[PDB]
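Asks: sequence, then the experimental structure. Questions to follow.
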Amino acid sequence: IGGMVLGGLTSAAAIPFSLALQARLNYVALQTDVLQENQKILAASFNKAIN
Amino acid sequence: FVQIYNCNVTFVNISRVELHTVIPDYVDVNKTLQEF
Amino acid sequence: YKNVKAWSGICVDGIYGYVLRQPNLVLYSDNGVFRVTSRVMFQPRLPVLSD
Ligand SMILES: *[C@@H]1O[C@H](CO)[C@@H](O[C@@H]2O[C@H](CO)[C@@H](O[C@@H]3O[C@H](CO)[C@@H](O)[C@H](O)[C@@H]3O)[C@H](O)[C@H]2NC(C)=O)[C@H](O)[C@H]1NC(C)=O
Ligand SMILES: *[C@@H]1O[C@H](CO)[C@@H](O)[C@H](O)[C@H]1NC(C)=O
């Protein structure tokens, strides 16, 4: 689990999970939008799914 | 590179002219046409 | 998903077809404005010659 947020930084610095996911999105299709409209939708949807 | 508008803060801050010092062989053709 | 007016390529002067290098991209007419998008996610941007 920690591997999800321990993004590839110096030291053992972590990144926000929001960023981690953004990277995993760019993998699929490079994102052309500066603002992450998608993240609040997906976080909410995710939270419901887990519950 | 690809062009995307927006400029989401955490970017190299640079003028079009200065850009050639970041990306070699960049040519500001419009400026060039105005000068030549 | 959106309905997209795709083109197979651009044929300049009736002689020179030019097509997107990467097969995962769509060139389309946004009511006359030509844009490029992923075939997977609707994240449009303007084309460049290097495409
Ligand atoms: C590149 O240049 C831009 C444009 O000058 C700088 O971005 C802007 O930086 C200010 C400082 O980082 C942002 O902070 C603002 O401060 C005022 C207080 O003086 C406050 O009321 C505003 O709410 C705000 O936080 C400003 O939003 C921001 N620009 C963007 C796009 O957000 C950017 O600093 C420079 N880039 C880098 C990497 O430093
Ligand atoms: C760039 O050059 C074209 C050709 O001279 C002219 O139409 C255009 O308005 C110029 N653009 C700028 C930003 O000066």
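Replies: In hand now; what should we look at? Residues are numbered from 1 along each chain as shown, chains lettered A, B, ... in the order given. Ligands and ions are numbered 1, 2, ... in the order given.

Asks: C-alpha from now on. contacts and neighbour counts both.
Replies: Fine.

Asks: tell me the residue furthest from the middle of chain C?
Replies: residue C:15 (18.6 Å; C-alpha atoms, centre = their mean).

Asks: give me the buried stretch members for stretch A:15-24, please.
Replies: For stretch A:15-24, burial by neighbour count (16 or more other C-alpha atoms under 10 Å in any protein chain shown) applies to A:20, A:22.

Asks: where do the strands of chain A begin and end?
Replies: Per DSSP state E, chain A carries no strands over any range.

Asks: around chain C, which positions in it sit nearby?
Replies: Residues of chain A found near chain C (C-alpha under 8 Å from any C-alpha of the partner chain) are A:29, A:31, A:32, A:33.

Asks: what distance do you get for whichever residue of chain C sits closest to chain A to ligand 1?
Replies: Residue of chain C nearest chain A, by C-alpha to the nearest C-alpha: residue C:43 (5.7 Å). Counting by C-alpha to the nearest ligand atom, to the nearest Å, the separation of residue C:43 from ligand 1 is 21 Å.

Asks: hang on, that residue is in a helix, isn't it?
Replies: No. Remark: residue C:43 does not belong to a helix; assigned using DSSP: H, G, I helix; E, B strand; the rest coil, it is coil.

Asks: I figured it was touching residue A:34, is that so?
Replies: No. Taking contacts as C-alpha atoms under 8 Å, residue C:43 lies outside contact range of residue A:34: 11.1 Å.

Asks: residues of chain B that sit close to ligand 1?
Replies: B:8, B:9, B:10, B:11, B:13 (C-alpha under 6 Å from any ligand atom).

Asks: kindly recompute the last result at 8 Å.
Replies: Selection of chain B residues close to ligand 1 by C-alpha under 8 Å from any ligand atom yields B:7, B:8, B:9, B:10, B:11, B:12, B:13.
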